[PDB]
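[1] Sequence, then the experimental structure. Questions to follow.
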Amino acid sequence: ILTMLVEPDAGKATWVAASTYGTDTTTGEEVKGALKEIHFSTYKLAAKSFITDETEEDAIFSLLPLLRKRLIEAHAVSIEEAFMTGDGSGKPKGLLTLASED
Amino acid sequence: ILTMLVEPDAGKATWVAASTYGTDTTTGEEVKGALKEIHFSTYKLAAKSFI
Amino acid sequence: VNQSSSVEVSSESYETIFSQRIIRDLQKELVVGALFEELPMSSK
């Protein structure tokens, strides 16, 4: 997790009267605030692909370049589908569901 | 004919949960694919003239 | 097409080495075409 502190919101300063002037009340109301925190954590995307010894031999072309590419790609697409509409249960929640929530 | 291989369409990874860490599911589900072929051919045109 | 691979080939045609080596069977033996001598005729 990574927790950062979000500064608390503004609180007004009281308008003291004229009778108050000359008394402890002249100093006015206390303005008091507590820092709040926002927490960041991580989810996981993972995929597996498996060239058997034999497919490699049963092809005129190599076939593992594709695997590794289609591998990296699968991860990129996945972050993407989810960052859009990711429900958020074990997937990153996403901009279009983040919106529904708000 | 000239058959060229077309690469397969995109595949998706599996967001995998906290529960799965340390289990076979941690790694995801297979990203499978298949190359496909496009075959090219020529159809003849002709003309004859005589003088 | 060897589909157990996760990245299979397009069609079996890319899983073969089309080799152009032409072989033929033992082939009948020709015996009487040439046992006989030839008369070089030069007229009908």
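    It's in. Residues are numbered from 1 along each chain as shown, chains lettered A, B, ... in the order given.

[2] from memory residue A:63 sits against residue A:53, does it?
    No - Residue A:63 lies out of contact with residue A:53 (C-beta atoms under 8 Å); the separation is 11.5 Å. Where C-beta positions appear, they are placed from N, C-alpha and C, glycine not excepted.

[3] higher neighbour count, those two?
    residue A:63 (21 against 8; other C-beta atoms under 10 Å in any protein chain shown).

[4] In contact with the closest residue to residue C:15 other than its chain neighbours, which residues?
    Nearest residue to residue C:15 in three dimensions, chain neighbours excluded: residue A:58, at 5.0 Å (C-beta to C-beta, 6 or more residues apart in numbering or on different chains). Going by C-beta atoms under 8 Å, 6 or more residues apart in numbering or on different chains, residue A:58 touches C:2, C:9, C:15.

[5] Can you tell me which of those residues has the most neighbours?
    In terms of neighbours by other C-beta under 10 Å, the contacts of residue A:58 top out with residue C:9 at 24 neighbours.

[6] how many neighbours does the residue nearest to that residue when sequence neighbours are not counted have?
    Excluding its sequence neighbours, the residue lying closest to residue C:9 (C-beta to C-beta, 6+ apart) is residue A:59, at 4.9 Å. As a burial measure, residue A:59 scores 22 neighbours (other C-beta under 10 Å).

[7] before we move on, what SS does residue A:5 have?
    Using DSSP: H, G, I helix; E, B strand; the rest coil, the secondary structure recorded for residue A:5 is strand.

[8] What sits closest to it if chain neighbours are left out?
    In space, residue A:5 is closest to residue A:35, 4.5 Å off (C-beta to C-beta, 6+ apart).

[9] show me the contacts for that neighbour.
    A:5-8.

[10] Just put the residues you listed in a markdown table and tack on distance to residue C:41 and neighbour count.
    Formatted as a markdown table, those follow (distance: C-beta to C-beta, whole Å; neighbours: other C-beta atoms under 10 Å in any protein chain shown):
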| residue | distance to residue C:41 | neighbour count |
| --- | --- | --- |
| A:5 | 118 | 10 |
| A:6 | 116 | 10 |
| A:7 | 121 | 9 |
| A:8 | 124 | 11 |
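
[11] Residue C:37: which of those is nearest?
    residue A:6 (115.0 Å; C-beta to C-beta).

[12] Point out the other elements, helices or strands, that the one helix or strand residue A:45 maps to touches.
    Element membership of residue A:45, judged by DSSP states H and E, is strand A:44-48. Counting contacts by 3 or more C-beta pairs under 8 Å, 6 or more residues apart in numbering or on different chains; DSSP states H and E, strand A:44-48 packs against helix A:64-84, strand B:14-16, strand B:29-30.

[13] Thank you, goodbye.
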